[PDB]
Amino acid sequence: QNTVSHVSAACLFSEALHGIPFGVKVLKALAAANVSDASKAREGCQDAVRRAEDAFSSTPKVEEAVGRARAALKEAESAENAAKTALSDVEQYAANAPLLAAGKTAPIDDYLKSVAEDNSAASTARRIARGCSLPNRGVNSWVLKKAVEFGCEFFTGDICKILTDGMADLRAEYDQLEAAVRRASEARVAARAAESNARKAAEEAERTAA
């Protein structure tokens, strides 16, 4: 089982697994940035509430605007906390997935060396095997799915079974990681949407008081 297609499949899988440590670092940073931005949005809501309160001091006619600002702050506070909870999830899954991936590289890389060093193997098969040392920093759940799919397309069913059964945990953890990252991003968008309403309330209050 050392045709060009077998080796191509194995190489994609190896570079995917070696890429995992790099990918998780990027995701953790995305989620952390999302929290930072969510907190900044909540701070902006706090400012908007202060502004509206001050306008209200001069003008009872902006009472509703203070209310809208306060409600928006409450929403931003909830979104901020949602972002922070999502970051904590990311951190857990980002610690878990690399442990699982690192433990799957040795058998794949042994296979690749076995072709690289096999004088009975076709030229291009050996070339691909020997050059297979570039981690795929773009790895994600989609790449891991394709990796399993290619293995199953080209290797025998017994190997497909071992590959499928054996990758399920990692793929589940990486899925959880991606979902947590999405939750962090959505929370940040929600926080900023609250701040937009808060700011519009403050702006209205100030116009009315003027």
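Quick note: we count residues from 1 along the sequence shown, nothing fancier.
- Remark: stretch with higher mean C-alpha B factor among 81-89 and 133-141 is 81-89.
- Per the PDB record, of the two stretches 112-120 and 98-106, 98-106 carries the greater mean B-factor over its C-alpha atoms.
- In the deposited entry, the Cα temperature factor of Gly166 places it in the highest third of its chain's modelled residues.
- The PDB entry assigns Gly44 a C-alpha temperature factor belonging to the middle third of its chain's modelled residues.
- When the modelled residues of the chain are ordered by their C-alpha B factor, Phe56 lands in the highest third.
- Residue-level temperature factors show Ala16 in the lowest third of its chain, judged at the C-alpha atom.
- Among all modelled residues in its chain, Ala172 ranks in the middle third by Cα B-factor.
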